[PDB]
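To start, the structure under review is shown below, and the notes come after it.
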Amino acid sequence: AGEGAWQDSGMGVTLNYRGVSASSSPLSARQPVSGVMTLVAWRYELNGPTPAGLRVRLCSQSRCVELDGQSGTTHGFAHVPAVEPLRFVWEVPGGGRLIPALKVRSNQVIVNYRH
């Protein structure tokens, strides 16, 4: 059914404060793609510790999925056009300095798709 997969990676955000929502730079296919997403695998790596209370989402143009842990798989992008970029979105709810900062060394996705 015209199946393929694309992948991409990049550096993520730095958060110095709670109560701030920040998006990583978009991840998108390097090859020409068409069709719709099926299963998406994701991973990220931090420099330093993870802040308690961290909320991470992975978002397409019109959908978002909550992430748990530093790697996983989701069917939440089923039927999303495969050409769409994916953004990691990060927040630690509240206020004041984040101690230490959230420092996202890398975040990546593998997107399976079909025609």
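Residues are referred to by chain and number: the chain letter is A, B, ... according to the order shown in the structure tokens, the number counts from 1 in that chain, and ligands are numbered separately from 1 in the order shown.
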
> Excluding same-chain residues fewer than 2 positions from range 101-113 of chain A, what lies within 7 Å of it counting only C-alpha atoms, as a PyMOL selection string?
Replying inline: chain A and resi 3-16+35-48+50-51+82+98-99

> Looking at only C-alpha atoms, which of A:53, A:69, A:95, A:81 is the one that sits closest to residue 28 in chain A?
Replying inline: A:81

> Residues at most 12 Å from residue 62 in chain A, counting only C-alpha atoms, excluding those fewer than 3 positions away in the same chain, as a VMD selection string?
Replying inline: chain A and resid 58 to 59 65 76 to 77 79 to 81 84 to 87

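Coordinates place CA of residue 25 in chain A at a distance of 24.9 Å from CA of residue 114 in chain A.
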
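Minimum distance to residue 26 in chain A across A:60, A:74, A:115, A:49 (counting only C-alpha atoms) occurs at A:60.
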
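Distance-wise, CA of residue 52 in chain A and CA of residue 66 in chain A end up 15.6 Å apart.
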
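Closest approach to residue 94 in chain A among A:22, A:27, A:54, A:1: A:54, based on only C-alpha atoms.
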